[PDB]
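Novice: Starting off with a structure, shown below.
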Amino acid sequence: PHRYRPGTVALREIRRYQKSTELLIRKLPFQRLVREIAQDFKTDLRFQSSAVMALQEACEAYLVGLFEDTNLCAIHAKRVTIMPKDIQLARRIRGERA
Amino acid sequence: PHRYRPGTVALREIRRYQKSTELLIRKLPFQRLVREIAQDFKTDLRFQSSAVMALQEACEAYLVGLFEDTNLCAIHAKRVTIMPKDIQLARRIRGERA
Amino acid sequence: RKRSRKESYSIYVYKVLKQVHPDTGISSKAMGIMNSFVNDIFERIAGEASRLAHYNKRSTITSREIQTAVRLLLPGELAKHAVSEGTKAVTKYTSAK
Amino acid sequence: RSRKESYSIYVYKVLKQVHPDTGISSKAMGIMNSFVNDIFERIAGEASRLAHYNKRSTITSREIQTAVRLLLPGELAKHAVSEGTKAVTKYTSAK
Amino acid sequence: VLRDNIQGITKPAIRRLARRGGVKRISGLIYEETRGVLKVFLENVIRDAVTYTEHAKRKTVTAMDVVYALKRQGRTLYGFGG
Amino acid sequence: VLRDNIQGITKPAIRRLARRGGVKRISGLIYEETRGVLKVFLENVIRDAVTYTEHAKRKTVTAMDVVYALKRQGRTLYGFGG
Amino acid sequence: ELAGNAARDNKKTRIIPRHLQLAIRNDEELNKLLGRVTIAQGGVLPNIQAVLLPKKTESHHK
DNA sequence: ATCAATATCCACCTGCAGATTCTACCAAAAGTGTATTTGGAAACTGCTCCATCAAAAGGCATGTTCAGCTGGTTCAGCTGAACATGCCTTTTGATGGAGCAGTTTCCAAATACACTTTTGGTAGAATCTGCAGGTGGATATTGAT
DNA sequence: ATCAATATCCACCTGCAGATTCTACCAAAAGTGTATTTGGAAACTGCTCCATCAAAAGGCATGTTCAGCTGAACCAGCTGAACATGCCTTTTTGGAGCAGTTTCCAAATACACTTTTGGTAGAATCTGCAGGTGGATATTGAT
């Protein structure tokens, strides 16, 4: 069987998703997560669908930016593999203490 | 002659300056730098002395914070020596693009 | 005869200081820092309350807006205790007419 | 029936001024509207703070200009300022 | 059976996002960390959104509530009105 | 002879600051980078300060001008009034 | 203007958010102005770090 | 190290759904024209703090020398990913319907604004004092052959 | 292992910073009036929940493969500290502007009337876009 080397398909996927703008997270589990969390603050709340879409947009843009910083930290550390400590560093430097 | 190992005095200096709050930059060269730069925007400008002190406070707090982030990046990179690339990374992550 | 008049929150901070720790002073620089702090949080709260009111087409800023602004700006238990104190104060004011 | 204002028509006129042969999506128009709203609020708020700082009760074109110089970088600010100046002078001329 | 629903932000979706982030190689432990990071981020936003909601005496969370919550966190979003 | 005066932010002062920053070991090339970083930072602050100055029709830079310049850069300073 | 330039680059007659995001991120001054702004449906720039791409040992000289 | 085989991307029509542009009607928003007002430009005064660089004390910056110690590098083993495929599952979507909840809107009292008077708190001058700082000494901490 | 430098403890003696009294004078509240505003009642249509059913694309366990991570070793050069000293920082008069006062005047609000143009319903076209050919660019596994 024909076999591609590790990385080629990853790179193709990078190019594909970086060329496009469609949302990569599933709508329904995101709605369910949001509803669960909001439920923990106030009961029987509702949400507009576009509010959920907005939240998804914000979440995904935030996550790619964090992964970008993570990637730079990894490269800085002479690695190509991202680790929790890289994320923790990036978030610490932005002041996203949590 | 008696001789201390590398790092002991550095650590003592760290403890000393981290215990105190006095300004570490000389007043006069700072005034001269400020006056030169401001001169490049508008001529024959004056400055209140407390304005210069304020600028110095801001500058030094900014610099220690950048060096702190730099230090974390170095440690992250398994180093104890700070490098330009560490500063560049920290500033890039804060968005201090310049 | 000429003269001006510069207001500050200094005396109230000193009164509070004397209330919590009677045997302790405060430098003028530190008091200035406390006054700067007070001014900053005041501006933050009024601005946020104003924005909420505009969002809700409301021309009045109420204790609800202060509370909400606090809830947005202040964290957890700090917010809860401040809120409780504010509520206590309004309740004491409203009765003491 | 209610009434919702937007900058849509002005953006569309401008689009035809700069590129007669080109359209724009509604979502994009909304983005442009959001942009406009954001810069409006930023400028007015900064102007407000300056006036407060200068114990001034009036917001003039001076405060707008200054706010712009603070907020916008280099050539963008210079061209915007030049345009605003030209516009005010044209307004003041054609009474 | 469901698993607190946070698991619906699946590994491949995170992988896709990281790819958009330009990530070529990813440790297996990253995913849970990302989920935790998201929850914190989300909590704060939604918390504020509900606060705005509560102020308006409304039981329906609007897009504007989200927009304001995002703005106050320095994460301005364009495209949804306002 | 003087050297554009940026050199008055000497190596030992930077060393002291880094020590307060907790730095134990420092490359020799860091110092010029720090100076450059400072100039950029400073330029922006002073630029805005002068803008405020110019708005007031004043020829003397005040502390308040600095404070406002710092605030708009998200670098709020306490202790100098306002 | 910039968005229409990106459209023509993509052989498109209608301006979309993609072009606005591309325009913003490709302009230093707008990028500074909108560095902390999220454009819904904007996506990201095709920016890949040089070190992650495959080697000059790519197998096709010609 | 890259050439003869793979095989994803592009090229380019091409119909066509459906976005998008155009066309018409309302009333709400802008603009003209008049009266009043008040914020601010400009003279013009009192002060206050800030530019000016002279020369000495002294203490911090520069530079030399040397040690050590750590950051760069290579090799190698393992393990934690990458990735194909089978096949299950859990989204998607449409679509349809109940009910709720946003929205309007109409109305009377609540709440706060605005104008006028009497306080009395606070700003600020002027006085007094007590604790932070200097300055020295004795003593517990801490680190190199 | 301790003794040579370090930093902590203790003591004491001032002065100047800061805590405290004495004014007056600015504003903070008491008291009419009025004008806006909020909340409450009742209609009421939009929309979001909900469930339920039929694709559909993707999730997900399994296993094969090998390149990335990371540890051992080591070299070498670069950075840290003492010592010497130079030198540049700190310490010790007027007048350029910075704030306060009057004042009077351009310019900005307030009110009434009239126009205009942008919201909004409804009709119509053009291009984004799914899909069917055709060839080229990007990868490997023999060349």
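By Swiss-Prot numbering, chain A shows 39-136, in order.
Any Cβ shown, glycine's included, is placed from N, Cα and C.
As annotated in Swiss-Prot:
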- A:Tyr42: phosphotyrosine (MOD_RES)
- A:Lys57: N6-methyllysine (MOD_RES)
- A:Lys57: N6-acetyllysine (MOD_RES)
- A:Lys57: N6-succinyllysine (MOD_RES)
- A:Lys57: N6-crotonyllysine (MOD_RES)
- A:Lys57: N6-lactoyllysine (MOD_RES)
- A:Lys80: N6-lactoyllysine (MOD_RES)
- A:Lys80: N6,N6,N6-trimethyllysine (MOD_RES)
- A:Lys80: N6-(2-hydroxyisobutyryl)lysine (MOD_RES)
- A:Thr81: phosphothreonine (MOD_RES)
- A:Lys116: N6-acetyllysine (MOD_RES)
- A:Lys123: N6-(beta-hydroxybutyryl)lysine (MOD_RES)
Novice: Please tell me which one of the modified residues listed here (A:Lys57, A:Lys80, A:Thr81, A:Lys116, A:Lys123) sits closest to the residue listed as 'phosphotyrosine', measuring Cα to Cα?
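Specialist: When the Cα distances are compared, A:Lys57 comes out closest.
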Novice: Judged by the number of other CB atoms within 10 angstroms, which among A:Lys80, A:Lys116, A:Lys123 is the least packed of the modified residues?
Specialist: A:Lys116
Novice: Given the modified residues A:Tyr42, A:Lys57, A:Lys80, A:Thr81, A:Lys123, which pass a C-beta cutoff of under 8 Å against chain B? Sequence order please.
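Specialist: Sorted by position along the sequence, the hits are A:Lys123.
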Novice: Looking at the modified residues A:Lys57, A:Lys116, A:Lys123, which has the shortest Cα distance to A:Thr81 (phosphothreonine)?
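Specialist: Checking each of A:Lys57, A:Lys116, A:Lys123 against A:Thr81 (phosphothreonine), the shortest Cα distance is to A:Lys123.
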Novice: Among all the protein chains here, how many other CB atoms are within 10 A of the CB of A:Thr81 (phosphothreonine)?
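Specialist: Excluding its own Cβ, the number within 10 Å is 8.
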Novice: Sorry to bug you, but what's the C-alpha spacing from A:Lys123 (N6-(beta-hydroxybutyryl)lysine) to A:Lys116 (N6-acetyllysine), rounded to the closest Å?
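Specialist: Taking the Cα atoms only, A:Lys116 (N6-acetyllysine) lies 14 Å from A:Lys123 (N6-(beta-hydroxybutyryl)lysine).
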Novice: Can you tell me whether DSSP puts A:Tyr42 (phosphotyrosine) in helix, strand or coil?
Specialist: coil
Novice: When C-beta separations to chain G are restricted to under 8 angstroms, which of the modified residues A:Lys57, A:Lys80, A:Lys123 qualify?
Specialist: A:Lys57
Novice: Calculate the distance in Å between the alpha carbons (Cα) of A:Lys80 (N6-lactoyllysine) and A:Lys123 (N6-(beta-hydroxybutyryl)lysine), and round it to a whole number.
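Specialist: A:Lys80 (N6-lactoyllysine) to A:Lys123 (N6-(beta-hydroxybutyryl)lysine), Cα-Cα distance: 34 Å.
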